[PDB]
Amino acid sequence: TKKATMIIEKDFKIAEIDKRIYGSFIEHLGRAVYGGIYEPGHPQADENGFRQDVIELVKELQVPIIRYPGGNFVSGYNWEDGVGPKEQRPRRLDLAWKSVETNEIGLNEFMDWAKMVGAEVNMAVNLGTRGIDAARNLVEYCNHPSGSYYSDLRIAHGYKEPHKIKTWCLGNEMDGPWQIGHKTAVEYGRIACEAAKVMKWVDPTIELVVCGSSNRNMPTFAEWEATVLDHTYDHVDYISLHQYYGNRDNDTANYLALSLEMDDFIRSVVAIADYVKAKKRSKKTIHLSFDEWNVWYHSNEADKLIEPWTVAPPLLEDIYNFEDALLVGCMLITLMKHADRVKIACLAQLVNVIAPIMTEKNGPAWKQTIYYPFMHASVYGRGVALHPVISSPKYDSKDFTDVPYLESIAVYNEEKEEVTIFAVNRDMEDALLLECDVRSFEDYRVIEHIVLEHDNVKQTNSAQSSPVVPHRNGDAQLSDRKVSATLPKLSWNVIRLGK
């Protein structure tokens, strides 16, 4: 065993958690749409061809917001190709994923799906091959009530009431050499500025997300953000961050430390936003949208075998293991501990593609290992993130020094009279004996202690069998105004307090 302490003080707050940090992401990629949310031949398809089993799995995650339709796809996409009668929708070469896109699903059918799962849509505009005119027309088509060509066109297409989309993305991954219509930071900042202006002139109620770096390792990291915000600050509301992690070197202790890098990435982009705020003498604070995050690496060799120009290829289908779920849990706690400045985040992606939900053709939908920590964070993690004072033992790895064994934060929900403690024990050998000072919370009790643990960090789930599932047999006890809890070696823990 090892000992760790954590102070839970009601009056030391980070911020209200914006529920949109529990967002996700659907792109026209692989089987995310075709075979994922939408499968007209499926025995459990609804009247509109949407898989009811996937709808239930999404509703249980309580995802408030879903980014759509990309992703790398968007930068070559024409939105008019996916609206109106199906017979007039063209078949296109999607250059992002070397696939044929039929456009059988486009934005109005995605809005119908989003309504069934209770999610708002974070709509992306193409700033690769397209620009300001397309951006204003899309906003008008979606948001203007009637009495103009594009608003009456949406009505003619069957959608009388406007979609009233609140939050929009100004392009996707524009810094990447892999992007269709890549732009330098100046080129991007300029077209994002001018697109943002005409979008907000159509509908001043909207909010805009400007594109940050595609990952912390970009050669343009930080320089990009500063230039793009210099060009856009007065017209935009958020800046994005993207990051995937993987365990390519089979080093569990170094892998689980990677959330420390994610923490650095967040604090760095906040600093940039506040630099440019000061440069401009602006009163407005720009916040972060962490609108692509997950584990990704398993599918790299399978992906290389897929021939180009198929419909709905089985691309980017990682099968997650137990250690992947532990890192996802560390990433979620990292988002929560930044609730003051991270207001939107998207688990990338929701179905089949780098995803917590997987499907089989004509067959079942199932929960990956990573589904459970995401569900727990979304369902139990609404309220105020408290500022922790942690005393934890530490270890050093290949890439990181003084890595706490304990990753933890507490969320206080005043309306429910609940305090929830999320905790990962990174220790590969020892139980962590955690003592939490809750003197500041009068007359509380342990409701339950949920634990996700498995002896084999490489164990996966499948359609047939889910060996990696939570139990409710955690030993957390509240006495003498202290919560004492055993966190098993290599575990995710949700300790729920109320009364």
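All residue numbers refer to positions in the sequence shown, first residue = 1.
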331-339 versus 88-96 - greater average Cα B-factor per the deposited record: 331-339
Return whichever of 216-224 and 130-138 has the greater mean Cα B factor according to the PDB record. 216-224
Going by the CA temperature factor in the entry, name the top one among 287, 416, 231, 182. 416
Return the residue from 167, 282, 392, 369 that has the highest Cα B-factor in the entry. 392
Comparing residue 188 with the other modelled residues of its chain, is its CA B-factor in the lowest, middle or highest third? lowest
Chain third (lowest, middle, highest) by recorded CA B-factor, residue given as residue 319: middle
Assert third(CA B-factor, residue 31) within chain per record equals middle
Would the CA B-factor of residue 359 place it in the lowest, middle or highest third of its chain? middle
B-factor third for the C-alpha atom of residue 65 within its chain: lowest
